[PDB]
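[1] Next input, structure requested:
(chains A and B)
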Amino acid sequence: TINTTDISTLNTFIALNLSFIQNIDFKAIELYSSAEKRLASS
Amino acid sequence: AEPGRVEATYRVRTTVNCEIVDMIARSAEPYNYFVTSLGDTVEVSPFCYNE
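    Numbers count the residues shown, from 1 in each chain, chains lettered A, B, ... in the order given. Now the structure:
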């Protein structure tokens, strides 16, 4: 009598191995700073 | 001068002044006219008679 764990066990799984996607933080941008905006005025 | 002397009507004193100032002027992108820091306005191109 021996344990069943010692016996080699084969597996049949065609693993999907997918790949999710998330967590893309969106920085806020501005083309012109305030300095040139003030300088924009005569 | 303003003498303020004893006259019936008024004095007639007068003076003149030559004023020479330096200031800063700004123009837009088309550069066809511009303005000065003193506030005076003008409708001529700052670029002219220079190529």
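[2] Mind listing the strands the helix or strand where residue B:26 lies pairs with, and their directions?
    If you go by DSSP states H and E, residue B:26 is part of strand B:25-27. Strand B:25-27 has the following strand partners under DSSP bridges: strand B:34-36 (antiparallel).
[3] And the strand it pairs with, what's buried?
    For strand B:34-36, the neighbour count (16 or more other Cβ atoms under 10 Å in any protein chain shown) marks residue B:34 as buried. In this view, the C-beta of every residue, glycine as well, is placed from N, C-alpha and C.
[4] again, but for stretch B:33-42
    Neighbour-count burial for stretch B:33-42 flags residue B:34 (criterion: 16+ other Cβ under 10 Å).
[5] gap between the two ends of it?
    Length of stretch B:33-42, first residue to last, Cα to Cα, to the nearest Å: 6 Å.
[6] what's next to that stretch, contact-wise?
    By Cβ atoms under 8 Å, 6 or more residues apart in numbering or on different chains, the surrounding residues in contact with stretch B:33-42 are A:42, B:21, B:23-28, B:43-46.
[7] looking at the residues you listed, which has the most residues close by?
    Most neighbours among the contacts of stretch B:33-42, by other Cβ atoms under 10 Å in any protein chain shown: residue B:27, with 15 neighbours.
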